[PDB]
Amino acid sequence: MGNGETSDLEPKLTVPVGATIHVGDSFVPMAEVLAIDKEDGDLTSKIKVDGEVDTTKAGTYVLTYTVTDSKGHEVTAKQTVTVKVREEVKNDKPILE
Ligand SMILES: [Ca+2]
């Protein structure tokens, strides 16, 4: 038996650096993020999705995506999501302390 020194390429992780959606809008992290390796194959299923994006409250939520190749190469990237309101709801100073 034995092994040959083949140049393994580190997995190509594809993640959008920034996203913008509305309150009540749909957001699927596993649809917009992919990961492909040449030697091991499709690593999209291996993607670790950290963080949480809410679509009921307006604000910025950052998601983390980390994927590892079986050959030992690991890569990670983040996505900055910004949710905004679909109507005019003004703020009269939240007096709730
Ligand atoms: Ca590889």
# chains A, B, ... in the order shown; residues from 1 in each chain; ligands from 1
call {"tool": "residues_around", "arguments": {"residues": "residue 14 (chain A)", "least_positions_apart": "6", "cutoff": "8 Å", "atoms": "only C-alpha atoms", "output": "compact mmCIF listing (two decimals) with N, CA, C and O atoms, in the first residue's frame"}}
result
# COMPACT_ATOMS: atom_id res chain seq x y z
N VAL A 33 -25.36 30.13 0.24
CA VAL A 33 -23.97 29.81 0.59
C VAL A 33 -23.58 28.39 0.13
O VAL A 33 -24.24 27.41 0.48
N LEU A 34 -22.50 28.30 -0.65
CA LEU A 34 -22.01 27.01 -1.18
C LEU A 34 -20.55 26.75 -0.79
O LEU A 34 -19.82 27.67 -0.41
N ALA A 35 -20.11 25.49 -0.89
CA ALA A 35 -18.71 25.12 -0.63
C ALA A 35 -18.29 23.91 -1.48
O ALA A 35 -18.88 22.83 -1.38
call {"tool": "residues_near_ligand", "arguments": {"ligand": "ligand 1", "cutoff": "12 Å", "atoms": "only C-alpha atoms and all ligand atoms", "output": "VMD selection string"}}
result
chain A and resid 6 to 13 35 to 43 67 to 75
call {"tool": "residues_around", "arguments": {"residues": "residue 53 (chain A)", "least_positions_apart": "2", "cutoff": "8 Å", "atoms": "only C-alpha atoms", "output": "PyMOL selection string"}}
result
chain A and resi 51+55+61-63+81
call {"tool": "select_by_dssp", "arguments": {"residues": "chain A", "states": "strand (DSSP E or B)", "output": "ChimeraX atom specification"}}
result
/A:12-14,18-22,34-36,42,48-50,59-68,74-84
call {"tool": "write_last_selection", "arguments": {"atoms": "C-alpha atoms", "output": "mmCIF file, in the first residue's frame"}}
result
data_model
loop_
_atom_site.group_PDB
_atom_site.id
_atom_site.type_symbol
_atom_site.label_atom_id
_atom_site.label_comp_id
_atom_site.auth_asym_id
_atom_site.auth_seq_id
_atom_site.Cartn_x
_atom_site.Cartn_y
_atom_site.Cartn_z
ATOM 1 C CA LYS A 12 -13.737 27.070 -2.223
ATOM 2 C CA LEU A 13 -16.260 28.616 0.173
ATOM 3 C CA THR A 14 -18.741 31.047 -1.429
ATOM 4 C CA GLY A 18 -23.444 41.671 2.754
ATOM 5 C CA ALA A 19 -27.222 41.156 2.451
ATOM 6 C CA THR A 20 -30.304 43.410 2.918
ATOM 7 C CA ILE A 21 -33.908 42.216 3.521
ATOM 8 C CA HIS A 22 -37.204 43.510 5.001
ATOM 9 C CA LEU A 34 -22.012 27.006 -1.180
ATOM 10 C CA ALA A 35 -18.712 25.124 -0.632
ATOM 11 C CA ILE A 36 -16.821 23.047 -3.245
ATOM 12 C CA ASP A 42 -19.128 18.940 -2.600
ATOM 13 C CA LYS A 48 -21.151 25.210 9.805
ATOM 14 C CA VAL A 49 -23.733 28.025 10.124
ATOM 15 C CA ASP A 50 -23.245 30.165 13.261
ATOM 16 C CA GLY A 59 -31.250 45.560 12.551
ATOM 17 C CA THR A 60 -27.912 44.019 11.497
ATOM 18 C CA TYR A 61 -27.156 40.304 12.066
ATOM 19 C CA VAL A 62 -23.794 38.680 11.158
ATOM 20 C CA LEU A 63 -23.679 34.980 10.147
ATOM 21 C CA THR A 64 -20.530 32.792 10.187
ATOM 22 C CA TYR A 65 -19.865 29.940 7.715
ATOM 23 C CA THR A 66 -16.993 27.471 8.338
ATOM 24 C CA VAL A 67 -16.230 24.432 6.126
ATOM 25 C CA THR A 68 -13.476 21.784 6.480
ATOM 26 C CA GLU A 74 -10.287 24.554 6.611
ATOM 27 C CA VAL A 75 -11.772 27.894 5.426
ATOM 28 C CA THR A 76 -14.324 30.320 6.977
ATOM 29 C CA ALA A 77 -16.250 33.479 5.957
ATOM 30 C CA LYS A 78 -19.027 35.772 7.296
ATOM 31 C CA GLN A 79 -22.211 37.419 5.929
ATOM 32 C CA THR A 80 -23.503 40.816 7.150
ATOM 33 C CA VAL A 81 -27.326 40.859 6.930
ATOM 34 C CA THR A 82 -29.305 44.096 7.464
ATOM 35 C CA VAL A 83 -33.079 43.853 8.047
ATOM 36 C CA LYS A 84 -35.221 47.002 7.591
#
call {"tool": "decode", "arguments": {"residues": "chain A", "atoms": "C-alpha atoms", "output": "PDB file, in the first residue's frame"}}
result
ATOM      1  CA  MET A   1       0.000   0.000   0.000  1.00  0.00           C
ATOM      2  CA  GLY A   2       1.013   3.686   0.021  1.00  0.00           C
ATOM      3  CA  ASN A   3       0.175   7.324  -0.830  1.00  0.00           C
ATOM      4  CA  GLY A   4       1.151   9.904  -3.464  1.00  0.00           C
ATOM      5  CA  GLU A   5       1.819  13.602  -2.742  1.00  0.00           C
ATOM      6  CA  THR A   6      -0.996  15.181  -4.782  1.00  0.00           C
ATOM      7  CA  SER A   7      -1.426  18.967  -4.375  1.00  0.00           C
ATOM      8  CA  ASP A   8      -4.800  19.177  -2.564  1.00  0.00           C
ATOM      9  CA  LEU A   9      -6.598  22.475  -3.169  1.00  0.00           C
ATOM     10  CA  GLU A  10      -8.278  24.056  -0.130  1.00  0.00           C
ATOM     11  CA  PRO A  11     -12.128  24.119  -0.409  1.00  0.00           C
ATOM     12  CA  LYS A  12     -13.737  27.070  -2.223  1.00  0.00           C
ATOM     13  CA  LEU A  13     -16.260  28.616   0.173  1.00  0.00           C
ATOM     14  CA  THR A  14     -18.741  31.047  -1.429  1.00  0.00           C
ATOM     15  CA  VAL A  15     -20.407  33.506   0.982  1.00  0.00           C
ATOM     16  CA  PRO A  16     -22.034  36.953   0.330  1.00  0.00           C
ATOM     17  CA  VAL A  17     -20.240  39.601   2.445  1.00  0.00           C
ATOM     18  CA  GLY A  18     -23.444  41.671   2.754  1.00  0.00           C
ATOM     19  CA  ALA A  19     -27.222  41.156   2.451  1.00  0.00           C
ATOM     20  CA  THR A  20     -30.304  43.410   2.918  1.00  0.00           C
ATOM     21  CA  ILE A  21     -33.908  42.216   3.521  1.00  0.00           C
ATOM     22  CA  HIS A  22     -37.204  43.510   5.001  1.00  0.00           C
ATOM     23  CA  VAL A  23     -39.279  42.721   8.111  1.00  0.00           C
ATOM     24  CA  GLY A  24     -41.367  39.648   7.189  1.00  0.00           C
ATOM     25  CA  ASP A  25     -39.134  38.683   4.235  1.00  0.00           C
ATOM     26  CA  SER A  26     -37.672  35.192   3.540  1.00  0.00           C
ATOM     27  CA  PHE A  27     -33.994  34.312   4.177  1.00  0.00           C
ATOM     28  CA  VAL A  28     -32.385  30.882   3.517  1.00  0.00           C
ATOM     29  CA  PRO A  29     -28.639  30.721   4.518  1.00  0.00           C
ATOM     30  CA  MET A  30     -28.098  27.200   3.058  1.00  0.00           C
ATOM     31  CA  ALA A  31     -29.409  28.357  -0.356  1.00  0.00           C
ATOM     32  CA  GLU A  32     -27.164  31.423  -0.808  1.00  0.00           C
ATOM     33  CA  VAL A  33     -23.965  29.806   0.595  1.00  0.00           C
ATOM     34  CA  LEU A  34     -22.012  27.006  -1.180  1.00  0.00           C
ATOM     35  CA  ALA A  35     -18.712  25.124  -0.632  1.00  0.00           C
ATOM     36  CA  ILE A  36     -16.821  23.047  -3.245  1.00  0.00           C
ATOM     37  CA  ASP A  37     -13.589  21.002  -3.026  1.00  0.00           C
ATOM     38  CA  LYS A  38     -11.808  19.417  -6.028  1.00  0.00           C
ATOM     39  CA  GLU A  39     -10.474  16.270  -4.313  1.00  0.00           C
ATOM     40  CA  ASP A  40     -13.092  15.491  -1.625  1.00  0.00           C
ATOM     41  CA  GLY A  41     -16.074  16.876  -3.584  1.00  0.00           C
ATOM     42  CA  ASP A  42     -19.128  18.940  -2.600  1.00  0.00           C
ATOM     43  CA  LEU A  43     -18.636  20.264   0.965  1.00  0.00           C
ATOM     44  CA  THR A  44     -21.834  22.391   1.078  1.00  0.00           C
ATOM     45  CA  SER A  45     -23.394  19.931   3.572  1.00  0.00           C
ATOM     46  CA  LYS A  46     -20.302  20.338   5.794  1.00  0.00           C
ATOM     47  CA  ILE A  47     -20.821  24.131   6.149  1.00  0.00           C
ATOM     48  CA  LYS A  48     -21.151  25.210   9.805  1.00  0.00           C
ATOM     49  CA  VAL A  49     -23.733  28.025  10.124  1.00  0.00           C
ATOM     50  CA  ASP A  50     -23.245  30.165  13.261  1.00  0.00           C
ATOM     51  CA  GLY A  51     -25.317  33.189  14.363  1.00  0.00           C
ATOM     52  CA  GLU A  52     -28.990  34.148  13.869  1.00  0.00           C
ATOM     53  CA  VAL A  53     -30.961  36.523  11.580  1.00  0.00           C
ATOM     54  CA  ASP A  54     -34.388  37.777  12.733  1.00  0.00           C
ATOM     55  CA  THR A  55     -36.975  39.135  10.241  1.00  0.00           C
ATOM     56  CA  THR A  56     -39.462  40.586  12.801  1.00  0.00           C
ATOM     57  CA  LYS A  57     -37.098  43.253  14.197  1.00  0.00           C
ATOM     58  CA  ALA A  58     -35.038  45.695  12.090  1.00  0.00           C
ATOM     59  CA  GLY A  59     -31.250  45.560  12.551  1.00  0.00           C
ATOM     60  CA  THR A  60     -27.912  44.019  11.497  1.00  0.00           C
ATOM     61  CA  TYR A  61     -27.156  40.304  12.066  1.00  0.00           C
ATOM     62  CA  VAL A  62     -23.794  38.680  11.158  1.00  0.00           C
ATOM     63  CA  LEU A  63     -23.679  34.980  10.147  1.00  0.00           C
ATOM     64  CA  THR A  64     -20.530  32.792  10.187  1.00  0.00           C
ATOM     65  CA  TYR A  65     -19.865  29.940   7.715  1.00  0.00           C
ATOM     66  CA  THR A  66     -16.993  27.471   8.338  1.00  0.00           C
ATOM     67  CA  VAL A  67     -16.230  24.432   6.126  1.00  0.00           C
ATOM     68  CA  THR A  68     -13.476  21.784   6.480  1.00  0.00           C
ATOM     69  CA  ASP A  69     -11.954  19.434   3.880  1.00  0.00           C
ATOM     70  CA  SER A  70     -11.238  15.791   4.865  1.00  0.00           C
ATOM     71  CA  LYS A  71      -7.643  16.405   3.718  1.00  0.00           C
ATOM     72  CA  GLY A  72      -7.215  18.958   6.550  1.00  0.00           C
ATOM     73  CA  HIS A  73      -7.795  22.293   4.749  1.00  0.00           C
ATOM     74  CA  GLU A  74     -10.287  24.554   6.611  1.00  0.00           C
ATOM     75  CA  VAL A  75     -11.772  27.894   5.426  1.00  0.00           C
ATOM     76  CA  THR A  76     -14.324  30.320   6.977  1.00  0.00           C
ATOM     77  CA  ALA A  77     -16.250  33.479   5.957  1.00  0.00           C
ATOM     78  CA  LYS A  78     -19.027  35.772   7.296  1.00  0.00           C
ATOM     79  CA  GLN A  79     -22.211  37.419   5.929  1.00  0.00           C
ATOM     80  CA  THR A  80     -23.503  40.816   7.150  1.00  0.00           C
ATOM     81  CA  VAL A  81     -27.326  40.859   6.930  1.00  0.00           C
ATOM     82  CA  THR A  82     -29.305  44.096   7.464  1.00  0.00           C
ATOM     83  CA  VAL A  83     -33.079  43.853   8.047  1.00  0.00           C
ATOM     84  CA  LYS A  84     -35.221  47.002   7.591  1.00  0.00           C
ATOM     85  CA  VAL A  85     -38.908  47.906   8.100  1.00  0.00           C
ATOM     86  CA  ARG A  86     -41.392  47.877   5.168  1.00  0.00           C
ATOM     87  CA  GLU A  87     -43.371  50.860   6.575  1.00  0.00           C
ATOM     88  CA  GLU A  88     -42.905  54.112   8.544  1.00  0.00           C
ATOM     89  CA  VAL A  89     -42.760  53.324  12.277  1.00  0.00           C
ATOM     90  CA  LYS A  90     -41.191  56.368  13.972  1.00  0.00           C
ATOM     91  CA  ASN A  91     -39.455  56.416  17.370  1.00  0.00           C
ATOM     92  CA  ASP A  92     -40.579  58.932  20.042  1.00  0.00           C
ATOM     93  CA  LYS A  93     -37.711  58.134  22.468  1.00  0.00           C
ATOM     94  CA  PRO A  94     -38.195  54.670  24.105  1.00  0.00           C
ATOM     95  CA  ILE A  95     -38.737  55.767  27.742  1.00  0.00           C
ATOM     96  CA  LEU A  96     -38.557  52.110  28.870  1.00  0.00           C
ATOM     97  CA  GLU A  97     -35.433  51.948  31.071  1.00  0.00           C
TER      98      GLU A  97
END
